[PDB]
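Coordinates in review
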Amino acid sequence: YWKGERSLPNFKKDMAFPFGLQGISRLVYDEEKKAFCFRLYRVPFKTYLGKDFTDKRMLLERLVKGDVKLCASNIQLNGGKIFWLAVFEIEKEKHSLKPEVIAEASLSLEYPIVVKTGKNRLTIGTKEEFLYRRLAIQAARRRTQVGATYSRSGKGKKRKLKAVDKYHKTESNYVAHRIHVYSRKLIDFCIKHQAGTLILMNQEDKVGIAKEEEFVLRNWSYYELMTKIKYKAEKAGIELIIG
Amino acid sequence: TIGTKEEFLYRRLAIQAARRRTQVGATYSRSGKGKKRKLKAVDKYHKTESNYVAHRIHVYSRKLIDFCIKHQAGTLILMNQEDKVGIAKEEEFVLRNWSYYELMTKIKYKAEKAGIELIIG
Amino acid sequence: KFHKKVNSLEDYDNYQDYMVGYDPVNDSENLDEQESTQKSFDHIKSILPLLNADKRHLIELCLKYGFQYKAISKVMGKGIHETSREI
RNA sequence: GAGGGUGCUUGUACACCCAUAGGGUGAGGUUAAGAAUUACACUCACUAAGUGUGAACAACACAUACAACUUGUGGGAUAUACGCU
C-alpha cells in the first residue's frame, strides 16, 4: 500500500458479503425433504443442491457432522439464485499405503500413459508434447549435418562431426528423462490416491485398430520403461506387479 | 468484397490453437526453475493474434474507405449492424472471433477523417 | 421365375433406335456433385489442423477405421461413453 | 523444421545468420531421504543470432518487396492450459 505498488482494492454492488459461524445455527442434515438445513440470522435455510453429483454433498455431510471445520464464509446474490461460498478448513489426513485398490496403467496412441483408479483418471503427457522436442532435434540434426558436409574440411573429422554425433546422442537423454518424469507422475498418482496395487496391461491385441499405429512410448519395454517403473515402484512402496 | 474467412478467422484460430498447443506442452517442459521459465514459450504469444487482427482490420478498413472515396460515396451505411450486434452478444464464437467494435471504430475514425458520414442500422 | 419374367429386346422392332438411351448431362451433373463433395471434404480437412490435437486424432482414426467407439476406447483409454462424448 | 535476431512499427514473404531456445544454466527459500542426491506450474535472474572497418563482447558505416500505420489507459466479461475436491 505505502510503496504504491498496488492501488486501493474497492468493492462493487455484487461482492459476496461475509458471515461467520455464529450466524449459522443447527447445522444438521435433513433426509425427508433432502436438504442440509440450518438457520442463518433468525431465518431457516434449506439448500437446493439440484443435480449435485460432485463432492459438495460429501463435504456438506462431513461439515454437518463436525468432521470438517468451517471458516468465515460468504453469501452472494448472483442472478436471484442465492449462493453460499463456504470455506472449509479440513485436516490433511495422513495418506498411507492401502494395498486393496487396483491401479490401471495402459499405453495409448495420442494420450501416452493412461492411469485409471476408481472414479479417477490421469494422463501422463500427450503425443505432440512428447514429439515436439524429438522433431526439433531430428530436424536440427539434419540441418547441422547438411551444414557440416558443406563446411570447411581438413581440420579433423572429429571437429567436423562431434556436433553431428552429439545431436543424435542427446535424443537418448531426452527420452530417458521423459520416461523418468512419466514414471514419476505415475508413482505420484499411486501415492496420491492411496493405491496399493498398480498393474500395467499388455493391451496389445492384433489387427483391429492396432498393428498400424506404433503406440507412443511403443511397447512396455522401450528404453527400459518397465524397469524404470519397477525400480521406482518400491522406491515409494506401491506394488506394481505385472499385467 | 474485402477480406476472406481464411485470412481473418482461420489464421486467428490457428494462432489461438498454437497458443493452446504451447500451453499444453509447457506442463512437462523444463521444471524446477520456476513458473516463468515454464511459461516462457507462452510469453511469445503475447500480442500475436491481436497484432494480426489489428493489421487485417486496418487493411480492410483502408480498402473500404478507398472504395468509398474512389466512387465518391459521401455516405457509408452499415446494413443490419444493430441486429448482428444483438446476435453476437447472445453467442460465444461471434463475439470472441469477429472484432466488430474494432472494425466499427476504425471505420468511424477513417471516415470522419475523409468526410464520409457513417450510419449504423 | 425371374429368368422367365424377362422379355427379349428383339420383341421390340428397331429397339436399338428408340430404346436403351442415356443423356450425358446426367453424367456431367453426377461428376459435378462428386467434385462438390470432394471440395467440402477438402475444406473439412483444412479445418482439421486448427482443432485440438486429441480431437484431431479422434477424427483421423474415425476416418480410417470408422466410428468404432469400442476399439477406439480401448486404444485411447477413455470408456465408450467418454470416447463417444469426445467424438 | 517451427520460433526467432538485425533490415523504423505491424502483416506477409524475403535475403544473412541463431535456433535440441517447448534449452543451456546460476542463486535463494522450502521439501524428502542415513548419505550421494532428487524435487517444486516456488521466487528472481543470466546466456544465441547480417556485412565491413575496427586488437576487440567498443563504436561507426552499409543491408529486400508489397500493404498498412490512432494509439494509449482503464473497467466490465468470456475462454484457454495448469493445480485441488
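For this deposited structure, the header cites cryo-EM as the method used and 2.88 Å as the resolution.

The name given to chain C in the PDB entry is RpoE, with Flagellimonas taeanensis as the source organism. This structure appears in the PDB under the title "Cryo-EM structure of the RNA-guided transcription complex".

As recorded by the PDB entry, chain A carries the name Nuclease-deactivated Cas12f and is attributed to Flagellimonas taeanensis.

Focus on the nonpolar core
Ranked by internal contacts, the top residues of the largest apolar core, which has 38 residues, are A:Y182, A:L198 and A:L217. Of all the secondary structure elements, the ones that give two or more residues to this core are β9 (98-106), β10 (113-117), α3 (157-192), β12 (195-200) and α4 (225-236) of chain A together with α3 (53-66) and α4 (69-76) of chain C. For this core, the element with the most residues is α3(A), which contributes nine residues. A:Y182 has contacts with A:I124, A:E129, A:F130, A:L217 and B:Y28, leaving out every residue within four places of it along the chain. Residues B:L64, B:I65, B:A111 and B:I116 belong to the second largest nonpolar core, which totals seven residues.

Considerations on a positive patch on the surface
There is a patch of like positive charges on the surface, built from B:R21, B:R30, B:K33, B:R37, B:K40 and B:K44. Assignment of secondary structure puts B:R37 in helix α2 (residues 35-38).

A few points about α3(C)
The α-helix advances 3.6 residues per turn, and as a result positions three or four apart in sequence lie on the same side. Between its first and last C-alpha, α3(C) extends 18 Å over 14 residues, near the 20 Å set by a 1.5 Å rise per residue. Buried residues in α3(C) make contact with α2 (127-149) of chain A together with α4 and α5 (80-86) of chain C.

Some remarks on the packing of aromatic side chains
Under the criterion given, the structure shown has 11 aromatic pairs over all chains. An angle of 90° between the planes, with centres 5.8 Å apart, marks the rings of C:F67 and C:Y69 as edge-to-face. By relative accessible area, which is 46% here, C:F67 ends up partly exposed. On the basis of relative accessible area, C:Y69 is assigned to the partly exposed category, the value being 35%. Cluster of aromatic residues (ring-pair linked, three or more members): A:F19, A:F38, A:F45 and A:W84.

Focus on the sheet that holds strand β6 (residues 73-76) of chain A
All names here are of chain A. Strand order across the open sheet formed by three strands is β1-β6-β7, with antiparallel pairing between neighbours. Each of the sheet's edge strands pairs with one partner strand only, and the pair in question is β1 (17-19) and β7 (83-85). Pairs of neighbouring strands in the sheet enclose a mean axial angle of 30°, with direction left out of account. Pairing analysis gives three bridges linking β6 to β7, with the strands arranged antiparallel.

Section: helix α7 (residues 100-112) of chain B
Residues and elements named next belong to chain B. Its 13 residues place the ends of α7 18 Å apart at the C-alpha level, agreeing with the 18 Å of an ideal helix rising 1.5 Å per residue. Here α7 has its buried residues at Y100, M104, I107, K110 and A111. What you see down the axis of α7 is that its buried residues fit within an arc of 145°, all on one side. Away from its buried face by more than 90 degrees, α7 exposes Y101 and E112.

Quick notes on the rules
- Here the numbering of residues is sequential along each chain, from 1 in written sequence order, and it may depart from the entry's numbering. Residues without coordinates do not appear.
- Chains and ligands are labelled sequentially in the order written, the chains with letters from A and the ligands with numbers from 1.
- Scope of values: the displayed chains only, which are part of a larger assembly.
- Side-chain calculation: all heavy atoms of the structure are included, whereas hydrogens and water are not.
- Definition of nonpolar core: a set of buried residues of the types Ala, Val, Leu, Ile, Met, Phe, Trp, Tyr and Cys, connected through side-chain atoms within 4.5 Å.
- Any residue under 20% of the maximum accessible area for its type is buried, any over 50% is exposed, and the rest in between are partly exposed; the area is computed with a 1.4 Å probe on protein chains only.
- Going along the chain from the N terminus, every DSSP run of H or I of four or more residues is numbered as a helix, and every run of E of two or more is numbered as a strand.
- Here, residues are in contact when the closest pair of their heavy atoms is within 4.5 Å.
- To count toward a patch, a residue needs a relative accessible area above 30% and no salt bridge. Like charges then connect within 9 Å, nonpolar side chains (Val, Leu, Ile, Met, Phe, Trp, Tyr) within 5 Å.
- Per-residue accessibility takes into account occlusion by the displayed protein chains alone, with areas from the Shrake-Rupley method and a 1.4 Å probe.
- In the sections that follow, a salt bridge refers to a side-chain nitrogen of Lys or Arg positioned within 4 Å of a carboxyl oxygen of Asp or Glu.
- When charges are tallied, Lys and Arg are placed among the positive residues and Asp and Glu among the negative ones, while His and the ends of the chain are skipped.
- For this purpose, a charge sits on NZ of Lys, CZ of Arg, CG of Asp or CD of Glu.
- Given the number of residues in a helix, its expected span is that number minus one, multiplied by 1.5 Å.
- Working definition: rings of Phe, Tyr and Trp (its six-membered ring) pair if their centres are within 6.5 Å, and the pair is stacked with planes under 30 degrees apart, edge-to-face with planes over 60 apart, and tilted otherwise.
- Being paired, for any two strands, means DSSP has found at least two bridges between them.
- Comment: axis = line fitted to C-alpha atoms, over the contacting stretch for helices; angle = value between 0 and 180 degrees taken between N-to-C directions.
- Think of it as the arc spanned by the lines of direction from the helix axis to the C-beta atoms.

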